[PDB]
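Only one structure is covered here, and it is reproduced in the block below.
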Amino acid sequence: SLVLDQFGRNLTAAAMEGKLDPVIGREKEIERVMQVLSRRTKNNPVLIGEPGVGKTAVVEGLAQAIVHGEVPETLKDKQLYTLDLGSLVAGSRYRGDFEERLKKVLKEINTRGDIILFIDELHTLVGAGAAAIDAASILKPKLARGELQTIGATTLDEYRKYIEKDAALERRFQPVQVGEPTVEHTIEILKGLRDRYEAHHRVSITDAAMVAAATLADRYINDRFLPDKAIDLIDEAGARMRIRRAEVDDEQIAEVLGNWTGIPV
Amino acid sequence: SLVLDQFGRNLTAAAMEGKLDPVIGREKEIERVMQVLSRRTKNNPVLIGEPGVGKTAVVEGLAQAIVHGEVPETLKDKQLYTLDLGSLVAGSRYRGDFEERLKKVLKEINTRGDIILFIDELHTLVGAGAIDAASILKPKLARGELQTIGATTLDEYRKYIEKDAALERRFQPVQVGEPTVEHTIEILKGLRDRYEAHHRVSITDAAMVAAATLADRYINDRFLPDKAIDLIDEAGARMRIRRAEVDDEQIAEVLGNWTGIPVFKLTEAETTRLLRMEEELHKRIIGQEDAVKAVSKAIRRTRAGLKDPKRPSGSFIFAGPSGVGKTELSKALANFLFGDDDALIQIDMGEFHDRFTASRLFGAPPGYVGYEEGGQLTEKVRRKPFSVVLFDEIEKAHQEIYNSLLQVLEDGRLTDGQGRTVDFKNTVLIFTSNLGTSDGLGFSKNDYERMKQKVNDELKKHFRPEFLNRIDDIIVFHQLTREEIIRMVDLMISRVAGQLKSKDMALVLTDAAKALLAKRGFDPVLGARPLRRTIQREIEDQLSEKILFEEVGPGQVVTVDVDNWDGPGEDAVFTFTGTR
Amino acid sequence: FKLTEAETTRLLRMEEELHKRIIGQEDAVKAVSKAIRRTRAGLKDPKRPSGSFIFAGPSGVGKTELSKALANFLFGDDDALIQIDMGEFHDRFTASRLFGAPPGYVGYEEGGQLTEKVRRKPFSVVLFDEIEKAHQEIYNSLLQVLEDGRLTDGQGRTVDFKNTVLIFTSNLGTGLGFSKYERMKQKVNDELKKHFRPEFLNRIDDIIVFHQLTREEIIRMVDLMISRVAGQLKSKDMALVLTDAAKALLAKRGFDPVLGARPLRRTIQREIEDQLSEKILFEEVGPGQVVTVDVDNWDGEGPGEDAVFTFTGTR
Ligand SMILES: Nc1ncnc2c1ncn2[C@@H]1O[C@H](COP(=O)(O)OP(=O)(O)OP(=O)(O)O)[C@@H](O)[C@H]1O
Ligand SMILES: Nc1ncnc2c1ncn2[C@@H]1O[C@H](COP(=O)(O)OP(=O)(O)OP(=O)(O)O)[C@@H](O)[C@H]1O
Ligand SMILES: Nc1ncnc2c1ncn2[C@@H]1O[C@H](COP(=O)(O)OP(=O)(O)OP(=O)(O)O)[C@@H](O)[C@H]1O
Ligand SMILES: Nc1ncnc2c1ncn2[C@@H]1O[C@H](COP(=O)(O)OP(=O)(O)OP(=O)(O)O)[C@@H](O)[C@H]1O
């Protein structure tokens, strides 16, 4: 476990400790991910979607589900380790260092046998240690045969630019679309997240505040995507209220949006 | 051997242990590999083919055949070793570690004599040690002192191997082609014994036939023998997780989840909704019975399975007067199909006046700025294969831009600047045109028939015959009647009342108010926009004045009435009264 | 190879095989078959492509259908054809995707999307459909292929088209006073000469103008179009049979010489296909029974402005 802990972060342990935010309304996406992970070969889902729609939140919710034990028997008590390529490529100065580290990580995973790798920003896996032999080339034989469960995550544009330019690697990952939630789903997400933000900012957020945040964020802010597009308004209104001082209402959300976009709402 | 085991994986041992999947139908490829391997010199075959077609499976089948003994006397007892370049490179910290390792491996192969190397992903061999492994191996390959198989994709082969002509000359290309549907069905029949055993389910012949056919038809970026197996594996995994049999319905559901194209079976609610599709669309579109019927017929044909597999789901030209609902119908269709108007892929062709803007659709050619960004339309259709595409006011686009969509209309395909072919066979294409609306000089003897003839003549005049020939339907919209305007007053007032109710205010209009609004906002020539302007000037402005003046506030039931009218009220005046 | 007896007899009756999918157009099928047989017999010119044809004539008559049928015959799949869709090559600078970008520029590693395809499969059918709407630079580039059989891509490599069959399908070319097909042929030839350079046309092996479909050809093609629907229904465990009255009426309603066979296609679509879809959804006809289409209120000869199709489902 030592080799893994120095090149990655145990997401299941964090979920057990309660460090991950609740995930609401992603039952279908998590079920689809579990379905792909239970395959016999090529059991490597990749979460694809616009930036900010909840790609990493889906994996965090999967970790929480694994901790709670609601997952099927195949994924029961599996440890979800998020891999950080920066750590792998940090000390690799001489020839063979990066390959040695990656091979050691894979050997440890195989020996333990109860580990699911998670690679957010999977496009960084293409040509990581070299222009050639790199992380992708080393992983390809393991990924193809289904001996190494992995959950990738990328955006649409990054997937098209990098992953699709390497057909051999792109063949080994099953796309799992995650879409921008509707306004009602965003309201449910905000209601679920309310507790953590209230605790952090020591403020009270009303239901009208959540509804206003979701609706206004959908209506006015244009270049962003709803989940974070609305959590931003909620969090910034809470920050304003805490700085001034203890309640957040639709008026505060409207003020935050007006400062953001300049539209006098 | 010890070194070979350290730096490689024994495939013959795995085949003896039964760890390799069966290989079906690749007798010709295995035979040709055997032929090339037995040559006197340059006996180094390389399998080149698209990803997922079974290049590694061919070598696995060759190892299985060698284990069984159905091979010529040359390869009667050869041991097939897959080489791991990563294992060689890893740990080669010093100057001579990698070259020493490679030399030791080659010496061991030469001494034992019965080993056949398999360099999977041969393109990675060009610069493994950077002296790189390619330079070290080159002398051995040419003289036939080292029997080696290679495997690479066509693109990787061209990009990397063909750069070094000397290295390329020493490898014999063996072409592995994408199997046909029947070959894939045979492959699935072969693999079922293991897949169902792993998933603890039962897979029927119908399920495998459906998997092969659907994967071939609907998934276009993959290659058949692998996409079909993915469908089967996902269906089996779903059956294992839910709790067992896997049928064609499961494969259809898996494909529908994968690509988003609704191929799964129709439920009672879904079929009932489809049957009443005209009524559902009429909840938002008033009048225009013919256009709604045409769109509903197209969608029902697509969902019932009678669609033409080649052409798109349906191509329409919505022409006619202005303000009658040409764009609104497409928006309502998108809402019905996907539940949100924003699901519509809308292209405003008014911005395509200049011809050089055609590259905005399929991107820029190679070697030009913006080449890597693809196209605005091709990528959007690729991400959502089943979608409604709306070309708004196509008549304003350059004549050279609507000539680029002929293959889209007929063959249902569009090639972007990068060479990717994007299929349109599942989309619904709607071109909205206003031709023949600006508008008899001499003595003249329905009006709708004359309008239809004028619009059709204008369409023929503008578009070339080969464009109008490919279009499923050309629908000319009627002008709105007084009854339709009266009905649409309710829609517009509901639009306003939603905003008011967001403020905790309920808006009620007496029938007299609705009649007066219909009377004032009815102009047959200008369509339904004058009614919108009238409602805006008579209601929205007055309501805003009232709200900002605090005359009516939250919790009040605003009621609108007409006072100085009886039943042409130029003197009629609206009165807004609020009560708790 | 050594032409086997089966392969030799298949080649001998190539016209019959092609006509199973193509109705009419005897001259074009004969020309294509003659080119293929000449190539296979070993008498082809060693320094020119295996054949170069310009299909022209009326719309919706089978200019691209013949190319697809030829590709299907030669290789057993319509997808073996290399289709370029020249409609999107209007811009001058867009030729770089036929031959690739020059070295040192973005996207040069990928080569061209035509030269690479031909290089991978030297023996293949290439279809430059709607050639008239490409820029003149593309014609100048393809002049080299026509004259010498080799083409130079961006990287500088030469790819040989000597074993390739090139087909250019064009819609180019589509009476004052008292007067009492050859006219169409002459008009098409005049338009072709006006548009293309004389030497470009001189290098083309054949220029074929397709005949407009006649009533008998439409009658024959009704069965061919209905075969697709029958096969599609077969997957649902339902068989479709049209009585001779139904076929006669479909031919009568869908026959219009100027617009070709597409009107018949949309007539089949809106007359039986959509009604069958509605009935299947409503479950009036289901798996395990045969659907017989018939016609009533029709005298059998007069136009059926009142005749209506009727579907009967019998176990
Ligand atoms: N279903 C959800 N439930 C609860 N919170 C969510 C949900 N979806 C998104 N969030 C919130 O959205 C915010 C951002 O989402 P996320 O962490 O997934 O970014 P992302 O998808 O990785 O975008 P990118 O990949 O471009 O960086 C998170 O704070 C997360 O708490
Ligand atoms: N003839 C075949 N018989 C049985 N299974 C096959 C056959 N061909 C392909 N498969 C299946 O195709 C799947 C994909 O693996 P494949 O052998 O194609 O690797 P590959 O061709 O090297 O792909 P890549 O280009 O990414 O390296 C195999 O798991 C195998 O089950
Ligand atoms: N048949 C209709 N049914 C319901 N609403 C309609 C109808 N026609 C017009 N409207 C109203 O008119 C407004 C815009 O109409 P629309 O854009 O569809 O006209 P149009 O067909 O695009 O005319 P043009 O494009 O030539 O200007 C919509 O808000 C819509 O509410
Ligand atoms: N001679 C024909 N024989 C069989 N089917 C035909 C024939 N002509 C047309 N069809 C039918 O018409 C459909 C399309 O015809 P096709 O595209 O080949 O004509 P075209 O020459 O390309 O006209 P244009 O390119 O000018 O639009 C075919 O799918 C086919 O079903």
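Protein chains in written order, with the UniProt record's numbering: chain L, 168 to 298, 301 to 414, 477 to 496; chain F, 168 to 297, 302 to 414, 477 to 672, 678 to 683, 688 to 809, 812 to 824; chain U, 497 to 670, 678 to 683, 690 to 824.
Note that CB positions come from ideal geometry on N, CA and C, so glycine has one too.
Same chain only: Cβ atoms within 8 Å of residue i, ignoring 5 sequence neighbours per side
{"i": "U/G650", "result": "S592, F595, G596, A597, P598, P599, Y604, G607, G608"}
{"i": "U/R646", "result": "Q640, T654, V655, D656, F657, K658"}
{"i": "U/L499", "result": "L507, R536"}
{"i": "F/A378", "result": "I403, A406, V479, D480, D481, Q483, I484"}
{"i": "F/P350", "result": "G192, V220, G221, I358, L395, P396"}
{"i": "F/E780", "result": "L759, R762, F818"}
{"i": "F/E227", "result": "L178, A182, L187, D188, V190"}
{"i": "L/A230", "result": "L178, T179, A181, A182, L187, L247"}
Own chain residues within Cβ distance below 7 Å of residue i, not counting five before or after
{"i": "F/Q343", "result": "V203, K209, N211, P212, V213"}
{"i": "L/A386", "result": "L395, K398, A399, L402"}
{"i": "F/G556", "result": "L768, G769, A770, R771"}
{"i": "U/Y690", "result": "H720"}
Own chain partners of residue i with C-beta closer than 6 Å, once the 5 adjacent residues on each side are dropped
{"i": "F/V718", "result": "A552, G553, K694, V697"}
{"i": "U/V794", "result": "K788, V800, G822"}
Chain U contact for residue i (CB, 8 Å cutoff)
{"i": "F/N806", "result": "no"}
{"i": "F/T179", "result": "no"}
{"i": "F/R329", "result": "yes"}
{"i": "F/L247", "result": "no"}
Short CB-CB distance (under 8 Å) between residue i and chain F
{"i": "U/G669", "result": "no"}
{"i": "U/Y690", "result": "no"}
{"i": "L/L325", "result": "yes"}
{"i": "U/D746", "result": "no"}
{"i": "U/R517", "result": "no"}
{"i": "U/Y604", "result": "yes"}
{"i": "L/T291", "result": "no"}
{"i": "U/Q721", "result": "no"}
{"i": "U/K629", "result": "yes"}
Residue i in three-state terms, based on DSSP
{"i": "L/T323", "result": "strand"}
{"i": "U/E501", "result": "helix"}
{"i": "U/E782", "result": "helix"}
{"i": "U/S637", "result": "helix"}
{"i": "U/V622", "result": "strand"}
{"i": "F/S168", "result": "coil"}
{"i": "F/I727", "result": "helix"}
{"i": "F/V794", "result": "coil"}
{"i": "F/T776", "result": "helix"}
{"i": "U/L668", "result": "coil"}
{"i": "U/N806", "result": "coil"}
{"i": "U/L679", "result": "coil"}
Any C-beta of chain L under 8 Å from that of residue i
{"i": "F/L662", "result": "no"}
{"i": "residue 811 of chain F", "result": "Coordinates for residue 811 of chain F are absent; the numbering of chain F skips from 809 straight to 812."}
Any non-hydrogen atom of ligand 5 within 7 Å of residue i CB
{"i": "U/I789", "result": "What this structure holds is ligand 1, ligand 2, ligand 3 and ligand 4, not ligand 5."}
Short-range partners of chain U found in the region 765 to 798 of chain F, where Cβ spacing is below 8 Å: none
Start-end ranges of the alpha helix (DSSP H) lying completely within the region 742 to 767 of chain U, minimum 4 residues: 753 to 763
Start-end ranges of the alpha helix (DSSP H) lying completely within the region 535 to 616 of chain F, minimum 4 residues: 559 to 571, 592 to 595, 609 to 616
Any alpha helix (DSSP H) of 4 or more consecutive residues that is wholly inside the region 197 to 285 of chain L: 222 to 235, 252 to 257, 264 to 279
Within 7 Å of chain U by C-beta, residues of the region 574 to 593 of chain F in sequence order: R588, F589, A591, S592
Start-end ranges of the beta strand (DSSP E) lying completely within the region 314 to 394 of chain L, minimum 3 residues: 319 to 324, 343 to 346
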